[PDB]
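Heads up, what comes next is one protein chain in two forms, each shown on its own as structure tokens, labelled structure 1 and structure 2.
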Structure 1
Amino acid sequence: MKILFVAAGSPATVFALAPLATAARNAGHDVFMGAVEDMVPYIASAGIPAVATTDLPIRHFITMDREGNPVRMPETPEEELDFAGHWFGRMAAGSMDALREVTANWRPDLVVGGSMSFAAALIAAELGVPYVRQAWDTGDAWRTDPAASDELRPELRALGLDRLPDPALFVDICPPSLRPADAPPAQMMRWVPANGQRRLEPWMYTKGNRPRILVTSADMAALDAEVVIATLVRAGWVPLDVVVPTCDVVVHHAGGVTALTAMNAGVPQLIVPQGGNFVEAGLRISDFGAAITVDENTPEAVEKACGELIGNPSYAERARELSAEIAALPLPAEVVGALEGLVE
């Protein structure tokens, strides 16, 4: 069958969907993935045929309303949820022209969207084909829905709907221990780490004598550890999937799929705020005991936390528990059958 995957505005939204997309391709399905123009190279880097859904970047939808007037960044966790619902809603509305033109020439039998790829729900409803929602991180997929519903009121009304439609299938990659008490039924799936590739250097897969700390996007100068900085004491391009398993600490902001890659490898995490706000997903990992949550702008806080994550085995113990949970989940190749069941 033809399956259209719909990612969003950032590389993690592409890679969240890559394992299922590639599994579907490997089962003989014809698979396209769409995202904003800036993300098309990221889709291509996963080896998946790539289409653009808008020629505007995520910043355009984040920083301005539909009329082009500037909108401020959110300041609280509650504002975060609401503001994100709106920007993802704007991006979705802005994606419809290109999705219509693509699907007029290559008509999918099934549409798969990430957590807040709301254009996937809309185009699926327009075509009358089933819509699958895949969680693109361990955060609650539905958490921005009320605001997104309000943003998309006009588009939803044109389809005869009062709110965002329920998916035909919800596919969840969150380990059971981290799923909220109010989580809906889901087809579970093991997310297998994936990211773009270049050429591996020996250090990427060979750990030295000292503890290895990966920072994704001075402190650490007294730890006597090997620090690797993953950018655009070694710096530069770092394939997370290959390098994370060699690490003892991963330092990130719980945006994207980095937390999942760390948990999958049983590696303790140090989680800093994203903007001025800790991400809810990251707090739940911290609560479980597989990470430490820390404000970087307190001097020595990061240094102290790294020391704790390296010297106290319990964090790694909890990380390996999460790793075990992930490994027990249905494979992407298995989940392809659930997709097939929706159209036959």
Structure 2
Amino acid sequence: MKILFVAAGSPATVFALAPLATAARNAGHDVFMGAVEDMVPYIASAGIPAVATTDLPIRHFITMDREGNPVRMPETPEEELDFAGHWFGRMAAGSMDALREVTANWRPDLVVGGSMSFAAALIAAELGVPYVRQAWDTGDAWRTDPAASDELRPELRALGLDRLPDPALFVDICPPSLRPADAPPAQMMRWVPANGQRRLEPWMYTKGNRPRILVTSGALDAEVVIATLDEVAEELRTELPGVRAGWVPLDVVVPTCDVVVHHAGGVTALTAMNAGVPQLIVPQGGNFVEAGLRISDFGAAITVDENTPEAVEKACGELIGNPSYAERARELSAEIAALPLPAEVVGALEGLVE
């Protein structure tokens, strides 16, 4: 069958959907994936046919409302949910023209969107085909829905709907230990890494003679490796000469790490958990703060109060030196390993149209 996948504005949204997308293609299905023009290369380099949902940069959707007025940046977790609901909503509305043009000529039998790819809901409803929503991290996929329904109220009304429709199937990748009690029924799925890849160098997959701390933005007897965009790493290399910096495929390097330090990146969190590696979360905005708190409260992470070289250092020492954090992290890895494989989940997609 023909399946349209809809990712969003960031590479993690392509990566999180890639396992199920490639699983469907491996099962003989014809698969297209959509994302903003800037994300198209990430779809293509995941080996997936790529369509642009819009030729506008995401900042257009983030920093201004449907009228063109400035959007006040969120100062709190609660403000962040409403903020995210609205701008993902705006990006979804701006995605519809391109998606109609694609689907008039290549008609999908099913549409799969990520957590906040609301254009998938709209295009499926327009076409009269099942809408599948896949969680693209361990955070609640539905957490921005109220704001998103408001943002898309015009489009939803045109479809005879009062709010965002419930999906025909919710595919969740959140380990049972981390799922909140109010989580809606899901077809569970084992997450696997499918991040951007590079030519591998030995340091990436070889464990060193000292503990290794990976730092990414998406005192201690240890080495620090910086996982960042290559474009950024060039300038970073001048200011910090003797430190590994550049895009390093996280699935490859994380098994060599004692700690993964990140900004609250959902997919980085999954990579660390999956590998059984303790993680340090340093809040840098975003709505994944809450999902990070759950990992910390489970005992497989520490979330620090302040973004400080000082506060981070103490936490790193704790994650390395107290065996419990790695213990809980391996526990989460095992929970992930016990979930239904993407190959099996393709069967649930087939069942929706047969």
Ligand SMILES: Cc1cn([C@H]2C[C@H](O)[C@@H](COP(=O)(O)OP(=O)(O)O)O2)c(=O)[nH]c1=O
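Under this definition, the rigid core comprises the largest set of C-alpha atoms superposing within 1.5 Å between the forms. When a residue number appears, read it as a position in the sequence of structure 1, where counting begins at 1.
In this pair, structure 2 matches the form solved in complex with this ligand, whereas the other structure does not. The comparison between structures 1 and 2, aligned on the rigid core, picks out a single residue among 296, 303, 280, 317 whose CA moves by 2 Å or more, and that residue is 296. At residue 198, the distance the Cα travels between structures 1 and 2 is 1.7 Å after the core is superposed. The Cα position of residue 43 changes by 0.7 Å between structures 1 and 2 once both are aligned on the rigid core.
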